[PDB]
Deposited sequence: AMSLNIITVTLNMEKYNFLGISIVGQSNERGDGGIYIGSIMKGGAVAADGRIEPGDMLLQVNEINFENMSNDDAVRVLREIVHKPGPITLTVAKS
């Protein structure tokens, strides 16, 4: 079996939102659920639904409830500067 890791840096200059929902928990992993067409993640085009979310900026997502993962993504999107996502491809 093959594992494909990609790291995606979004400058968030032309987009306010990532435009993602997330599914699953890692305090029992967390995956990209929906991607909305108008957001930074869709514009970049590399991340797809079912990709596993490993890290966003300095936060690891591998010991979190779904609710806490949504909370930390809210905090990151409301902070200035680029957003770096590391995912494992489905």
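Missing from the model relative to the deposited sequence are positions 1, 30-33 (no C-alpha coordinates, numbering from 1).
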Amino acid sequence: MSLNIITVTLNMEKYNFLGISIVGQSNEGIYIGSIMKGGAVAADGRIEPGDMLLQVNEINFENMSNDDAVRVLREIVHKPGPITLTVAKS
From here on, numbers count along this sequence of modelled residues.
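Mean CA temperature factor is higher for 54-62 when stretches 54-62 and 36-44 are set side by side in the entry. For the two regions 5-13 and 19-27, the entry's Cα B-factors average higher over 19-27.
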